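First the structure, in the form of structure tokens, and then the observations on it.
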Ligand SMILES: *[C@@H]1O[C@H](CO)[C@@H](O[C@@H]2O[C@H](CO)[C@@H](O)[C@H](O)[C@H]2NC(C)=O)[C@H](O)[C@H]1NC(C)=O
Ligand SMILES: *[C@@H]1O[C@H](CO)[C@@H](O[C@@H]2O[C@H](CO)[C@@H](O)[C@H](O)[C@H]2NC(C)=O)[C@H](O)[C@H]1NC(C)=O
């Protein structure tokens, strides 16, 4: 979805992957299910944690389909109904989430639909600690990975009062990417 | 395999023609070349025209042209740099390079009928709209007229298409006005960040009937002159007859932007036979300053203010001479036309630029190298002297110091300048060089100039050098390029170059060769030189009198104005009393200032040579990129790097 501004990605193959995800790998209630986890288990980052895995994996694919919506809205007409079914599943089970990672990745998914409001917005705001990061206990790589989705949510929601402490916190950490198990963290922090 | 090559300038311009020079080296058979220009970053495709075939009958040469359009998408970013991408596909092998872009599109020159106006009068003004080639272009111009504190009071928008690049316009000054300096600013519609300007004054005046000239004997002051500075006064009526009167004259000192007046420097001299003379002595100047050191006076400047009244007492003129330097040296030596890069083990030429203390060029002053008194030379008409050294193969930098040898003047009066030149770096320290040498004369259109190409390399690889490749850069675009063939044993070859009117005011010649040498490695060695051309018109407009008799005609008399000029040209006229210019002669447009504006817009920064083959092209203003991989240095700044000074 980012490389179409750079190289000539084949549109028939790309929306063919979108059609293959919707029909084969989506349950009728909105849940996407993985049938073959990756060999290099370090490149999935915070998604390696099995706690709240079905909510987080549903949010990851929904963000990827909504960013490729503009190209594949013409090719697959069942894309917005698939987004609505996945969005209803994430909105209904949003308040049960406890990890700051899962709240952040569902926050950017709900913000593109416009459903991150009220108590779902308030839980998303109070998930942040020191008003500049969405941190979980453990390695700092997952926390910068989690804060990267939440900065995208703040830019999507167009609430810029809470943005400059987050970006100033990201520059103070001085993260330059690379390393073992850094694929998700490096890609999302620079897109943010 | 053969190596493909593309040569273009450093910087490309909007709304003008850009030359693209394609060459293949060591090539066999025909090779088709397709040409494409893309945007940067991303791909939107801005120009997909032009293609050609490099042929061995043409020594695999091919020059093709293109033009850069500008739209609302191109004109979007106005403050920061943006780039484009040039694509050329040689058969099946593509060579491409990202190029810096300037947003300038041409030149605007503004002529006013007067340099100073009254409240309640008319300002007549013509705007000449030319491209980068100084040829009339039809574009939309945005002109604004601003107040002394910078408030736009009148603005215009008009296209000069089908009007031969001339916009004659008018505006009336109201009587409700603030006197002072008023500014006209103008810019093209498709280049809003390139702003041209010229100034005029608004005041309450009547014209005087005579002019006063204040003439220093020398345009500087030497501190240890016991006599002091002599300033001759010349006063005559505007029609050319001698003025009888009495002058009051006072001196002063200018330090930076602040002026200090010497009150006791006042004298009172009668003006007889249209002339007078006043001297400020050395004792009065030192008595005027409170610092008794003569050493601290160096670096500052003087000014003279005179007030002359006729002996009828009915008119008065105030004149001023300013900017007169207090110096130890009647000359200023500069290496400004000398390259800073020498060829080790190959002789090197020095072009020494010597000026008077005001900045005017010095004529026929002998200068010499500090090392050895035998090598001496006198300056030519433009203030340039020719010296040369016989270089050793030192890889260490070579310090060069030049000092004048003019007779009677003491050693404290002899100017000097010291620089340090840098060695050329060959590819892999192969010690294979290219040396250029040429005549140094004032160049007029119609003369021929012998260009000399000297090859230096071992003789095992001299048989592989079968040609040279040369290009001419003039006014920020490629004017001519080609090949000069070479047979074995001919380390020196000569190419005559005929000068036309397109070469005015200055041009750079670059030249290179290429081969696979050392241990089987591609080597490029280049050289460059900057040549000055005599500043003159491309055409030749002359205005003279049609009558040959009846000198000083009567007021109102009919006379014949004779105008000789180029066929097909459109001429504009204005006839002004000189008493306006005695009041204010600033901001007068002339042809020499036009070539000065073009030279200030030049993209080349060095008088030739360079640290390597890449530094030769980059300092000249050219980009090169080869299929093997050798290419020029990246440049992301439009302006030239500033010298240390
Ligand atoms: C009245 O008009 C004058 C111009 O006639 C302006 O004041 C001038 O301001 C400039 C600085 O921009 C000074 O160089 C001039 O000396 C000022 N002129 C004066 C003091 O006569 C301004 O628009 C108004 N000034 C006043 C004092 O009323
Ligand atoms: C580039 O190619 C053009 C072809 O249009 C050359 O222009 C011609 O040059 C020849 C020889 O100099 C002249 O006899 C012709 O009269 C020119 N054509 C026209 C239409 O006037 C141009 O000289 C070439 N330039 C370089 C540097 O190779």
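Residue numbers (the UniProt record's numbering), protein chains in the order written: chain A, 1087 to 1278; chain B, 23 to 667. Virtual Cβ for every residue (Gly too), placed ideally from N, Cα, C.
- Exclusion of the five residues before and after residue 51 (chain B) leaves 78 as the residues of its chain whose Cβ lies within less than 8 Å of its Cβ.
- For the pair of segments examined, the segment 453-461 of chain B was found to touch the segment 544-559 of chain B: the number of CB pairs separated by less than 8 Å reaches three.
- By the Cβ neighbour-count rule, residue 574 (chain B) is exposed, with fewer than 16 other Cβ atoms within 10 Å of its own.
- Taken atom to atom, the span from the alpha-carbon of residue 453 (chain B) to that of residue 539 (chain B) is near 12 Å.
- Using a Cβ-Cβ distance cut-off of 8 Å, the segment 348-357 of chain B and the segment 369-381 of chain B are in contact, since at least three pairs of beta carbons, one from each stretch, lie closer than that value.
- Annotated three-state conformation of residue 1201 (chain A) is coil, per DSSP.
- Taking 8 Å as the cut-off, the beta carbon of residue 76 (chain B) is found closer than this to the beta carbon of residue 46 (chain B).
- Cα atoms of residue 633 (chain B) and residue 1107 (chain A): separation of roughly 59 Å, rounded to the nearest angstrom.
- Classified as exposed, residue 662 (chain B) has fewer than 16 neighbouring CB atoms from the shown chains inside 10 Å of its CB.
- From the beta-carbon of residue 64 (chain B), the residues of chain A found nearer than 7 Å are 1091.
- With a cutoff of 8 Å on beta-carbon distance, residue 238 (chain B) and residue 251 (chain B) are scored as near each other.
- Membership of residue 1220 (chain A) in any alpha helix (DSSP H) is not indicated, and neither H nor E is assigned to it by DSSP.
- Burial is judged here by how many other beta carbons sit within 10 angstroms of a residue's own beta carbon; residue 193 (chain B) has fewer than 16 and is exposed.
- Close CB contacts of residue 448 (chain B) within its chain, under the 6 Å cut and outside five residues either way in sequence, are with 454 (chain order).
- Here the distance from the Cβ of residue 503 (chain B) to the nearest heavy atom of ligand 2 is below 7 Å.
- In this structure, DSSP gives residue 1121 (chain A) a state outside helix and strand, which the three-state scheme calls coil.
- At least one heavy atom of ligand 1 lies less than 7 Å from the C-beta of residue 171 (chain B).
- For residue 176 (chain B), the CB contacts under 8 Å within the same chain, skipping 5 residues up- and downstream, are 166, 167 and 193 in chain order.
- Secondary structure of residue 1180 (chain A) (DSSP, three-state): coil.
- Note that the C-beta distance between residue 227 (chain B) and residue 137 (chain B) is not below 8 Å.
- Secondary structure of residue 197 (chain B) (DSSP, three-state): coil.
- A distance criterion of 7 Å places the beta-carbon of residue 201 (chain B) in contact range of ligand 1, judged by its closest non-hydrogen atom.
- For the pair of segments examined, the segment 1202-1212 of chain A was found to touch the segment 1173-1188 of chain A: the number of CB pairs separated by less than 8 Å reaches three.
- Within the same chain, 1132, 1185, 1186, 1187, 1228, 1229 and 1232 come within 8 Å of residue 1222 (chain A) by CB-CB distance, once the 5 residues on both sides are set aside.
- For the pair residue 286 (chain B) and residue 161 (chain B), the Cα-to-Cα distance works out to about 58 Å.
- Less than 8 Å separates the beta-carbon of residue 649 (chain B) from that of residue 117 (chain B).
- If you draw a straight line from the Cα of residue 435 (chain B) to the Cα of residue 642 (chain B), it comes to about 36 Å.
- Around the beta-carbon of residue 630 (chain B), 16 or more other beta-carbon atoms lie within 10 Å, marking it buried.
- A straight-line Cα-Cα distance of about 50 Å links residue 468 (chain B) and residue 171 (chain B).
- Across the set B:42, B:331, B:315 and B:288, the C-alpha of B:288 shows the shortest separation from the C-alpha of residue 303 (chain B).
- Sequence-distant partners of residue 625 (chain B) (beyond 5 residues in either direction) whose C-beta falls short of 6 Å from its own C-beta, in its chain, are 32, 33, 498 and 643.
- Put simply, the segment 486-497 of chain B touches the segment 517-531 of chain B. At least three CB pairs are less than 8 Å apart.
- A Cβ-Cβ distance of about 16 Å is found for the pair residue 127 (chain B) and residue 189 (chain B), leaving them out of contact under the 8 Å criterion.
- With contacts defined as CB atoms closer than 8 Å, residue 1149 (chain A) and residue 1214 (chain A) fail to qualify as a contacting pair.
- Distance between residue 411 (chain B) and residue 62 (chain B), taken at the CA atoms: about 47 Å.
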